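The lines below spell out each chain.
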Amino acid sequence: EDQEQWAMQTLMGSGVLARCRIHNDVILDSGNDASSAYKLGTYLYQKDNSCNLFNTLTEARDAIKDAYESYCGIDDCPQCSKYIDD
Ligand SMILES: [Zn+2]
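For this deposited structure, the header cites solution NMR as the method used.

Okay, structure coming up:
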């Protein structure tokens, strides 16, 4: 398992993104307030780490920005569209 993926749990679970009940390891783009997601991400990731260049929030933003941009272009899991929905 991946840690960064664990973050997505709550971060993304904040309702920012969309996930399939059959796919908990999948990320779908919703187009909701990402700002909130980012905050939620930093919140879970670690308390207020607001410090000098030392700590860079860009990492987190890139984490979600990466995952988001990674799955970006998908508003619905193709699996369900590639399979039958019991
Ligand atoms: Zn699905």
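Asker: What is the right way to look at the nonpolar core in this model?
Answerer: Inside soluble globular proteins, nonpolar side chains tend to come together where they are buried. In this structure, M8, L11, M12, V16, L17, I27, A37, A60, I64, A67 and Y68 together form the largest nonpolar core, which totals 11 residues. Contributing elements (two or more residues each) for this core: α1 (3–13) and α3 (58–71).

Asker: For this particular structure, what's the right way to read a negative patch on the surface?
Answerer: Negative charge collects at one region of the surface, where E1, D2, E4, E59, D62 and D66 lie side by side. The element best represented in the negative patch is α3, accounting for three residues. Within the secondary structure, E59 sits in helix α3.

Asker: I'm lost on the packing of helix α2 (residues 34–45) against α3 in this one. Help?
Answerer: Packed helix pairs are characterised by how far apart their axes lie and by the angle those axes make with each other. Orientation of α2 relative to α3, taken along the N-to-C sense of each, is 125 degrees, at an axis distance of 9 Å. Between α2 and α3, the crossing angle belongs to the class labelled oblique. Between α2 and α3 lies a crossing whose hand is right-handed. Residues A37, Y38, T42 and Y45 of α2 lie in contact with α3, whose contacting residues are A60, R61, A63, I64, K65 and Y68. Its residues assigned to classes, the contact of α2 with α3 shows seven nonpolar, one polar and two charged.

Asker: Which parts of the structure should I look at to understand the pattern of salt bridges?
Answerer: If charged atoms from side chains of opposite charge come close, those side chains can pair. Scanning the entire structure with this criterion turns up one salt bridge. The partner of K65 in a salt bridge is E69, with the nearest N and O atoms 3.0 Å apart. Taken together, the residues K65 and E69, both in helix α3 and four residues apart, mark about one turn of the helix. On the basis of relative accessible area, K65 is assigned to the partly exposed category, the value being 39%. Residue classification places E69 among the exposed positions, given a relative accessible area of 56%.

Rules behind the numbers
Residues numbered from 1 in each chain as written, not as in the entry; some residues may be left out. Heavy atoms only, no water. Core = buried A, V, L, I, M, F, W, Y, C linked by side-chain atoms within 4.5 Å. Buried < 20%, exposed > 50% of the residue type's maximum accessible area, 1.4 Å probe, protein only. Helix = DSSP H or I, 4+ residues; strand = E, 2+ residues; numbered from the N terminus. Patch = residues over 30% accessible without salt bridge, like charges linked within 9 Å, V, L, I, M, F, W, Y side chains within 5 Å. Areas by Shrake-Rupley, 256 points an atom, 1.4 Å probe, with all protein chains shown as cover. Salt bridge = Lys/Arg side-chain N within 4 Å of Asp/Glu carboxyl O. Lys, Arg positive; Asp, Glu negative; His and termini not counted. Charge placed at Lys NZ, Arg CZ, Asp CG, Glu CD. Axes fitted to C-alpha atoms, helices over the stretch in contact; angles between N-to-C directions. Parallel < 35°, antiparallel > 145°, perpendicular 65-115°, else oblique. Left-handed = near helix turned anticlockwise from the far one by under 90°. Contact = heavy atoms within 4.5 Å. Nonpolar A, V, L, I, M, F, W, Y, C, P; charged D, E, K, R; others polar.

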